[PDB]
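The chain below stands alone and is given as structure tokens, in the form deposited in one PDB entry.
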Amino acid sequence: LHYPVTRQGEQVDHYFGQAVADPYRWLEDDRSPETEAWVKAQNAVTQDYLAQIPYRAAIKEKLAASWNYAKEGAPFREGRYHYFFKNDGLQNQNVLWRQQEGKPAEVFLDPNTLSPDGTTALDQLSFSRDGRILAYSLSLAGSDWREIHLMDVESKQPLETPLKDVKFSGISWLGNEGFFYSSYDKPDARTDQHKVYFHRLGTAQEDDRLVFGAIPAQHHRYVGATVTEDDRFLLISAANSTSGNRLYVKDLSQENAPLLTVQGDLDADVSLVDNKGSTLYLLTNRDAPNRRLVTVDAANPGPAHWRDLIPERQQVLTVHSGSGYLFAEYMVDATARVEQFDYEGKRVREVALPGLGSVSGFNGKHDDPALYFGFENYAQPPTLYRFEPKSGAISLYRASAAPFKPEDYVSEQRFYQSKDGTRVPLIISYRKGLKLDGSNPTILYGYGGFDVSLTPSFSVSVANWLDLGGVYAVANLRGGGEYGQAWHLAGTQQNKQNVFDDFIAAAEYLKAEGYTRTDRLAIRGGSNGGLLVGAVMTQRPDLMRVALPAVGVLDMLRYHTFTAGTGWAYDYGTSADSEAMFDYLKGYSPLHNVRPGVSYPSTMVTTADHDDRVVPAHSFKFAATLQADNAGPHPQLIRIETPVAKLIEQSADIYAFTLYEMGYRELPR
């Protein structure tokens, strides 16, 4: 290869008396003319290399033809119609369709047609209790401001002039009288005092009644209002940030009832699930990190009176309700489990999900005859199922339109042992009919940090890899959130090496189990995941054939001084914290661990040319260093992105490069 020249400067940094040379310091300025010229030169070399791959065009063609496909959401009843969202695969915004008694479905509301480039988007939507009036909020380009439109459902015409100055607001109806919404400014100078207002249908917005937030004792940056399904209770949440909220309740069945305090401090998150009679069902993390579902009477709702209905477990709880049942959703070993409970807290059954993956749904009204839920995983595209609450019977409602036969793919979950004996989850997916003969082209992916949990999700790009004979393995490394705070912290600061060891052990396991072998293995990750790849490839360049670090944090001694670098500090620590933190960071920092004379695997570093999340500086200096130091015959390339078309192109280049570096002269067979 003919890499562009990368100038080496004389910058030298000092940490606790230790000097560290930074020859590519100038590449940290991604907008300088010199750096922009280098970016152009590097892309020219990468593109010329990729242009030599025989099957790149074929791979791109398959990706392009399978990328867009129609999608459909679950149907929901409002009045005498059933509504459901749909997207033809090309539309930028989902379309709301409607279908009655015995007629064909019709388009009801198409947000795309609301503007030229369709930069007017549909945000919140809420039907009056009788389903005859629809209130919906619309946004602009970026603007957080909203307008709430009111439509007569039967005629599809505007009922009143739209409400203006709405922001960070829900829409919740009180019967068919009107609805509650939030705004920083009186109807008729701006402040950060969010208020709840009630708009009564048939009146002007200027006459909307203030419900909460105006007096000093109610001043909060964010307030929300929800009316229970039976129109009995108004619940007002009030908060200053995403952490913790106060909550108040008002009994609408009583005349001029006062607000009672459900939670008067910001020490925990608490939200309304539903009510049964005067009993409130609340989901909270108060004294319960993994959350619990409690009940309390609305007449004396304080925390001291909350009683557990569904106690906190070792797994984080999410609650849904519908058809007179409560559904407790848990993430068990990174995948979904759903339990059906009655409102008295008695477990009815564990829902028989279609396998291990991710779910959505189980939301319905009290009287819904059936509930719908979505399911997907690495091997199965989004599919809708119908659930009969009484019997627990499940039936396929809508198969995916994605051009992939689900029965042709399989996914299994394994558990392997890391260096220190820790058991780690590993989900492996591939086309049915694979042989554990160690020859399968495999991509091992991981993240490992910031309490992020890697849960299964369908991706057209990954499905294309599987169709090529590839294996896709995802490891739930420490540092993530798969098993609570301990799993996370065990992958932070001076414990970061645990994450890398976990990933290294994942690669060894896949080989030992017969899935793949060194020259058929590629490792991939993005951001904290780019760091993962960069660290593992510099510690064990012998472990894999291909390395794919995307938008990685790679200079661990200076990441905190760059744009947005401070946010990564809780997990990593900085070179300025102490000499011990400095020494630990320098011990694994990918940039500082690349060594002259080492033979590195084939590498394709990827990054955009300008990025305020993870500055390009990381990838630029890392690629320059690999090109300067690599002694072996494998190419060290960087692909700098300067749209589905672009996503398709990126996936094609990566898979083409990966197969080509594995020695394939034609597509796998």
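For every residue, the number given is its place in the sequence shown, counted from 1.
What follows is about the form deposited with a partner chain bound, which we do not show.
For the options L309, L174, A268, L122, the one in contact with the partner chain in the entry with it bound, meaning a heavy atom within 4.5 Å, is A268. Only one of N300, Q157, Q314, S395 comes within 4.5 Å of the partner chain in the entry with it bound through a heavy atom, and that residue is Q314.
Within 4.5 Å of some heavy atom of the partner chain in the entry with it bound lies at least one heavy atom of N285. The partner chain in the entry with it bound comes within 4.5 Å of a heavy atom belonging to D451. Interface membership of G481, defined by any non-hydrogen atom within 4.5 Å of the partner chain in the entry with it bound, is confirmed.
A residue is said to contact a partner when one of its heavy atoms sits within 4.5 Å of a partner heavy atom; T422 fails this definition for the partner chain in the entry with it bound, lying far away.
Per the 4.5 Å heavy atom criterion, the partner chain in the entry with it bound is contacted by stretch 289-297, the sole one of 541-549, 289-297, 383-391, 511-519.
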